Protein chains: 2
Amino acid sequence: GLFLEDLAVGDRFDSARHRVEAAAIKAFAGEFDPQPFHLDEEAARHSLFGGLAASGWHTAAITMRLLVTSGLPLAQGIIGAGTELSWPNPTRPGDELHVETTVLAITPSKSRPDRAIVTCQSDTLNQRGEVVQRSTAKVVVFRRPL
Amino acid sequence: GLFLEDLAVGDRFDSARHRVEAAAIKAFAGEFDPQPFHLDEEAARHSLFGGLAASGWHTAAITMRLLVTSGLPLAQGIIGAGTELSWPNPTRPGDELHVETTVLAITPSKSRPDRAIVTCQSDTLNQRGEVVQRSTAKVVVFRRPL
């Protein structure tokens, strides 16, 4: 349960792991990203992904779950204002993902000194050390109440 | 079914609508963003959201679904390289969302002339005309095959 006072530029955090399976890729895709390359193994082969890949939005959702449950231990939760998002490598069925987060900057509110905008860079990696997602997010973090 | 040739800077696209309900907010949150403010109406009241709000990642997923099924009519699908994401206003239970997308720029690949990186700015709006999400994405769009 970390508050603003416990954070410092350069702090690194690590989440537990999550295994991505084919059926979970199709279940999420079927509901929020129903495109051939995320729904069918044959149709995916003939796409840029050349094989089943998870929706970037499915990888982003799994990243938030890992962040919330283990990766970013904020006592008052994770409240995002915005983020710079990129997916360098596809997320594949069978992949073990975990997130590595680094605090890049802390910028206290001039107007409201009991909180700051903390820039957190989360890199979601598979077992091969490749980055399947980088999210440079600005989170709102308050100091521990009195 | 649009291809690269059919696109031009300034083009506007509109998706069909989607209604966000409390149970769907909790179902998605419970799986990918299990935080009090997205799971419980009482706990949410005492948060910055002051009331149930959907996870920004749930709004992003719904945005992709709308884009895929109606908002961005790309013949070969929507393949994202990265995006600038922000959530100006919370997404609330009972909200009717639709997406308005604008092409801001088309930048052909020097190395691979059969494709271009198209900058698409999608604004997800509720019935009050407020923006619950803005995603300035770079999508990979190829011209129609021979």
Side-chain angles (χ1 to χ4, degrees), chain A residues 13-35 38-39 53-74 76-83 85-87 90-93 95-101 120 122-126 132-135 137 139, chain B residues 18 20-41 43-44 47 49 52-68 80 83 85-87 90-93 95 97 124 132-133 135:
Chain A
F13 297 93
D14 249 270
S15 80
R17 259 112 263 235
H18 175 86
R19 204 184 179 75
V20 186
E21 306 279 55
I25 290 177
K26 302 179 177 168
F28 185 96
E31 186 176 9
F32 301 111
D33 206 339
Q35 303 195 270
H38 300 132
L39 286 175
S55 167
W57 301 107
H58 181 195
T59 295
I62 287 172
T63 290
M64 185 58 259
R65 168 178 186 279
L66 296 179
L67 247 39
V68 163
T69 59
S70 53
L72 224 199
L74 265 21
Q76 301 185 300
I78 300 168
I79 294 175
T83 190
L85 207 46
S86 61
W87 303 278
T91 293
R92 307 294 186 179
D95 277 5
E96 284 271 313
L97 310 182
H98 74 286
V99 190
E100 279 174 20
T101 308
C120 303
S122 304
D123 282 357
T124 318
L125 319 164
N126 54 28
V132 300
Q133 184 184 101
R134 162 168 292 189
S135 183
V139 182
Chain B
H18 175 86
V20 186
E21 306 279 55
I25 290 177
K26 302 179 177 168
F28 185 96
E31 186 176 9
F32 301 111
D33 206 339
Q35 303 195 270
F37 29 90
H38 300 132
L39 286 175
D40 181 50
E41 52 273 28
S47 67
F49 295 94
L52 234 219
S55 167
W57 301 107
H58 181 195
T59 295
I62 287 172
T63 290
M64 185 58 259
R65 168 178 186 279
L66 296 179
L67 247 39
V68 163
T83 190
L85 207 46
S86 61
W87 303 278
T91 293
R92 307 294 186 179
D95 277 5
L97 310 182
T124 318
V132 300
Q133 184 184 101
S135 183

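Below, each value reflects all heavy atoms present in this structure, side chains not excepted, and no hydrogens, waters or symmetry copies. Chain identifiers are assigned alphabetically (A, B, ...) following the order of the sequence lines, protein sequences preceding nucleic acid strands; residue numbering begins at 1 within each chain.
- In this structure, the side-chain hydrogen bond (donor to acceptor under 3.5 Å, both in side chains) partners of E96(A), at least two apart in sequence or on a different chain, are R19(A).
- Here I78(A) contributes atom CD1 and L72(A) contributes atom CG; the two are 4.5 Å apart, rounded to the nearest 0.5 Å.
- For the atom pair CE of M64(A) and NE2 of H58(B), the computed distance is 15.5 Å after rounding to the nearest 0.5 Å.
- Checked against side-chain contact (heavy atoms from CB on, under 4.5 Å), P73(A) has the following partners two or more places apart in sequence or in another chain: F13(A).
- Counting all heavy atoms, side chain and backbone alike, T83(B) lies closest to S135(B) at OG1-OG, 2.7 Å.
- Contacts of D95(B) classified as side-chain hydrogen bond (donor to acceptor under 3.5 Å, both in side chains), with partners at least two apart in sequence or in another chain: none.
- Of all heavy-atom pairs spanning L97(B) and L66(B), the tightest one is O-CD1, 4.0 Å.
- In summary, of the residues considered (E41(B), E31(B), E21(B)), a salt bridge (charged side-chain N to carboxylate O under 4.0 Å, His left out) with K26(B) occurs for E41(B) alone.
- Taking the ring centroids of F28(B) and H38(B), they lie at or beyond the 6.0 Å cut-off.
- Looking at residues two or more places apart in sequence or on another chain, you find a side-chain hydrogen bond (donor to acceptor under 3.5 Å, both in side chains) between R134(A) and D123(A).
- In this structure, the side chains of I62(A) and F32(B) come closer than 4.5 Å at one or more pairs of heavy atoms.
- Every residue meeting the side-chain contact (heavy atoms from CB on, under 4.5 Å) condition with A22(B), not counting sequence neighbours, appears here in chain and number order: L52(B), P93(B).
- Scanning for side-chain contact (heavy atoms from CB on, under 4.5 Å) contacts around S122(A) gives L67(A), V99(A), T101(A), with sequence neighbours left out.
- In this structure, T91(A) and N126(A) have side chains that are not in contact, with every pair of non-hydrogen atoms separated by 4.5 Å or more.
- Nearest heavy atom pair, residue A29(A) against residue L39(A), reads CB-CD2, 4.0 Å.
- Taking every heavy atom of both residues into account, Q133(B) and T59(B) meet most closely at NE2-C, 3.7 Å.
- Side-chain contact check for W57(A) versus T63(B): every heavy-atom pair is 4.5 Å or farther apart.
- In this view, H98(A) and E100(A) satisfy the side-chain hydrogen bond (donor to acceptor under 3.5 Å, both in side chains) rule, not counting sequence neighbours.
- Between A53(B) and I25(B) the shortest heavy-atom distance is O-CG2, 3.6 Å.
- By the side-chain contact (heavy atoms from CB on, under 4.5 Å) test, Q76(A) pairs with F3(A), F142(A), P145(A), sequence neighbours left out.
- When all heavy atoms of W87(B) and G56(B) are compared, the pair lying nearest together is NE1-O, 3.1 Å.
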